[PDB]
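S.K.: There's a structure below that I have some questions on.
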Amino acid sequence: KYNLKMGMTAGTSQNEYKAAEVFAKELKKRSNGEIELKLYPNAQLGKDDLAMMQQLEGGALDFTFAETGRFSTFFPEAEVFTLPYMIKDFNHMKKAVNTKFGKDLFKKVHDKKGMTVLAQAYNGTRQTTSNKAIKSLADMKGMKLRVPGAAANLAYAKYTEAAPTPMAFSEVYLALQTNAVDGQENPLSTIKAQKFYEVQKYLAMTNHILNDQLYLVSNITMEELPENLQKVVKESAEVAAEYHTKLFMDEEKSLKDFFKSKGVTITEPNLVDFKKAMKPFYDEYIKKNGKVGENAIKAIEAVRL
Ligand SMILES: CC(=O)N[C@H]1[C@H]([C@H](O)[C@H](O)CO)O[C@](O)(C(=O)O)C[C@@H]1O
């Protein structure tokens with residue numbers, strides 16, 4: 003019997019965990035009990051996604067979650083997948099990772115980082131919450147905006163003239179409650195699941211970064227499994243990914259109504275000022291990655307539709 007482990011930053015209330023439960027359910031079903039997957043949420047295995055991805059390389063951890071743009075830590079050119087206002091929708095994201103650039107990235111992740119991408123899911127589009135109303139770009143000036151330890155999110159806070167305040171995901175609620183920070187930044191689904199709306203009187207539809215979610219498996223783990231069970235793992239992830247995608251999609255259809263009923267004021271500021279403010283980070287990306295970065299942008303821009 004194969005007792006596998008899956009770690010994640012998301013809590014048990016979030017859609018990521020719900021889809022992971024389906025993943026474990028499919029694994030046990032399609033393997034006739036040979037494969038049993040235990041879930042380890044709330045980042046109880048490591049600091050963040052970066053720590054758990056490193057655990058997959060060593061084979062200590064079998065499965066974990068990761069955004070495609072998060073691979074920029076290992077392959078700098080992959081940051082194009084998480085550049086602010088670069089990805090339009092999930093259909094664009096699906097096609098963006100299926101470019102020659104996207105396919106080469108996953109291939110490099112396999113060859114050099116010991117991780118195999120099983121499936122891709124939609125993990126929501128990020129918005130901005132605050133204790134004060136954000137109706138223009140000037141309203142975010144000097145606010146202590148919490149962001150994850152990622153360059154794209156840090157840049158978004160910086161070029162909106164906010165004060166980038168990086169901290170762990172588990173420490174966000176308390177920080178908002180005690181007004182240590184003035185606001186955070188996450189998809190609507192995450193905002194509801196982690197109940198950030200309980201401590202945030204405002205919500206700005208900024209739509210700056212789209213998050214996908216990759217079902218990663220350790221290369222060592224796949225090597226320890228019979229070939230037919232490796233196919234089970236692949237198929238189980240694809241099933242969960244669809245369920246994963248549908249969860250975020252369904253909520254984003256009616257979550258704005260939910261928040262407004264809870265007394266949260268939802269603003270929809272003009273985003274052409276937001277998009278224009280992100281230009282120096284694009285220059286930053288290009289200067290760091292050179293022609294590789296330029297061609298990557300033009301390749302992903304082409305499949306936006
Ligand atoms: C797979 C994964 O760990 N996603 C996490 C992301 C990424 O760490 C970040 O976007 C960088 O890619 O940040 C969070 O949204 C956050 O801290 O607010 C939590 C979320 O669980």
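If you're matching positions, the sequence shown starts at 3 in the entry's author numbering and goes up one per residue. Yeah, the Cβ is synthetic: ideal placement off N, Cα and C, and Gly gets one too.
Taking buried to mean at least 16 other C-beta atoms within 10 Å of its own C-beta, is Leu249 buried or exposed?
M.R.: Answer is buried; the Cβ neighbour count reaches 16.
S.K.: Does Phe77 come out as helix, strand or coil in the three-state DSSP assignment?
M.R.: The answer is coil: DSSP assigns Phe77 none of H, G, I, E or B.
S.K.: How many Å lie between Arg32 and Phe25 at the Cα?
M.R.: Approximately 11 Å, taken between the alpha carbons.
S.K.: With respect to the alpha helix (DSSP H) encompassing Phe103, which residues constitute its N-terminal and C-terminal limits?
M.R.: Here the alpha helix (DSSP H) through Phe103 covers 102 to 115.
S.K.: Strictly by DSSP, which residues pair up with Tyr19?
M.R.: Its beta-bridge partners do not exist; DSSP assigns none.
S.K.: Please identify the residue among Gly60, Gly9, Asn133 whose C-alpha is closest to the C-alpha of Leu41.
M.R.: Answer by Cα proximity: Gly9.
S.K.: Start and end of the beta strand (DSSP E) containing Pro166?
M.R.: It spans 165 to 168 - the beta strand (DSSP E) in which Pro166 sits, taken as one unbroken run.
S.K.: Give every residue of the same chain whose Cβ lies closer than 8 Å to the Cβ of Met224, excluding the five residues on either side of it in the sequence, and list them in chain order.
M.R.: For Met224, where only same-chain residues beyond five positions count, the Cβ hits under 8 Å are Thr118, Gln232, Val235.
S.K.: Run through the stretch 19 to 66 for me and flag every whole beta strand (DSSP E) of 3 or more residues, listed as ranges in chain order.
M.R.: Whole beta strand (DSSP E) segments, 3+ residues: 37 to 42.
S.K.: Using a Cβ-Cβ cut-off of 7 Å (strictly less than) and excluding sequence neighbours within five positions of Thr131, which residues of its own chain qualify?
M.R.: Cβ neighbours of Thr131 beyond the five flanking positions: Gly185, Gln186, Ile193, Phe198, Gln202, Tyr204, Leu205.
S.K.: Touch check for the stretch 169 to 178 and the stretch 298 to 306: three-plus C-beta pairs under 8 Å?
M.R.: Flag = no, the stretch 169 to 178 and the stretch 298 to 306 do not touch.
S.K.: Short of 7 Å in beta carbon distance, which residues of its chain neighbour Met54, apart from the five on each side in sequence? Order them along the chain.
M.R.: Closer than 7 Å at Cβ, skipping near neighbours: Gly9, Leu47, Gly48, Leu63, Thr66.
S.K.: What is the DSSP secondary structure of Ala152, reduced to helix, strand or coil?
M.R.: Looking at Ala152 - three-state DSSP - the assignment turns out to be coil, as it is neither helix nor strand.
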